[PDB]
Amino acid sequence: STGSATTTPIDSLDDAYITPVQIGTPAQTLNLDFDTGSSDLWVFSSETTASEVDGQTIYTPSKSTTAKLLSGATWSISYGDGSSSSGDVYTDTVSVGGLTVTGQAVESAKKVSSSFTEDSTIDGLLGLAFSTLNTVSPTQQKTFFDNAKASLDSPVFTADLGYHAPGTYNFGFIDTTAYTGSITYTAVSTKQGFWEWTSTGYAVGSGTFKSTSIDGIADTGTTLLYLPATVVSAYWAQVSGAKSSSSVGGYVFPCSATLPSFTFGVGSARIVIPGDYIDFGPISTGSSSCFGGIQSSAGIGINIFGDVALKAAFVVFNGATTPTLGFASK
């Protein structure tokens, strides 16, 4: 089997992407944030504290003839951005782009943090990291991909995120029309539960490539590109007037600037992030100070190849017995 679904930016900045997901019988379609950095499929629901729901579409398990309460199971998650959610668990039928899993754990939120409430466009998350990170207790549950894997034509999924445009998540096949050149595959460590890999270096604009190992995670659920402070300083030094602002929370730059590209290495291959991908617009409405899309990972504890990086590539998440990651230009 295979599946193919379009993923759509939630706003004009590509702050996140939403993908429609069918849950239950009859189907209830919710728009979920596919997150290769976590491993829980959780949804706003009829059980979510009413004051914490503000415009989201909810899953109502009592209206699904295939929903079953997973007795005694609870979940609770905290994300890198400080947001969080928790609740109980159902199993139900879940379909993505024509690919159906029966008995998928659907984690129903009883509580969500303010950042989730305040984002009306995201109805929940669909985790695509390794199932070892799943938070369901006392019996850990499998991700949608893990459950689908054996049925797929090939045990892979691909992320093809657009810049200011829709893109695609495919399951079970590689669309050879969706990228240019070849896909370069690179080793993955699953030791921390992430799609963790080592970039071979970087360049800023038309500058020379610096060969240096950068361990980090391919994370579709993180907006920006978080890299070591040395790398990030080298990038912003090429933008007149750019500075790190403690009050704003990172590098900002004059909105009048033209940003240089940023290149990262994948083995001997190179992925080029155009300068415009690195512009996240005014820090507040009407400001001429703009927020940068490349930020320091210092104090995160891990480098993160988030959407800024991934949307410059066609990315293969290869879930073979020994997982690997593939990157192509597009």
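Numbers and lists here come from the model and the stated rules, or from a named source; none is laboratory data. Heads up, the Cβs are rebuilt from the backbone with ideal geometry, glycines too, and the neighbour counts pull from every protein chain shown.
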Residue list for the stretch 132-145, restricted to those being part of a helix (DSSP H, G or I) and crowded, with 19+ Cβ neighbours inside 10 Å: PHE144, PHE145
Selected residue (criterion: surrounded by the fewest Cβ atoms within 10 Å (Cβ to Cβ)) from residues of the stretch 63-79 that are touching a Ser or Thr at 6+ places or on another chain (Cβ under 7 Å) and farther than 27 Å from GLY37 by Cβ: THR65
Members of the stretch 142-161 that are in contact (Cβ under 8 Å) with a residue 60 or more places away in the chain and in contact with a strand residue (DSSP E or B) (Cβ under 7 Å, 6 or more places away or on another chain): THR143, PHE144, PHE145, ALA148, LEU152, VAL156, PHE157, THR158, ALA159, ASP160, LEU161
Unmet requirement for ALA242, which otherwise passes all of (1) closer than 26 Å to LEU325 by Cα; (2) in contact with a helix residue (DSSP H, G or I) (Cβ under 6 Å, 6 or more places away or on another chain): (1)
Any hit, the stretch 108-119, residues being touching a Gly at 6+ places or on another chain (Cβ under 8 Å) and assigned to a helix (DSSP H, G or I): yes
Residues being crowded, with 18+ Cβ neighbours inside 10 Å and either over 23 Å from the mean Cα position of the chain (by Cα) or more than 21 Å from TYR163 (Cβ to Cβ) (or both) - total across the stretch 253-275: 3
Members of the stretch 26-80 that are of a type in the set (A, V, I, L, M), within 30 Å of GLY301 (Cβ to Cβ) and in contact with a helix residue (DSSP H, G or I) (Cβ under 7 Å, 6 or more places away or on another chain): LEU41
Residue count for the stretch 264-311, restricted to those that are part of a strand (DSSP E or B) and either touching a residue at least 40 places away in the same chain (Cβ under 8 Å) or charged (D, E, K, R) (or both): 20
Long-range neighbours under 7 Å by Cβ, at least six apart or interchain, first residue in the same structural domain as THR48 (by CATH) within the stretch 106-117, second part of a helix (DSSP H, G or I): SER108/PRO61; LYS111/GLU52; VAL112/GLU52; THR117/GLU52
The stretch 207-238, subset out of contact with any helix residue (DSSP H, G or I) (no Cβ under 9 Å at 6 or more places or on another chain) and assigned to a loop (DSSP other than H, G, I, E, B), residue nearest to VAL188 (Cα to Cα): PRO228
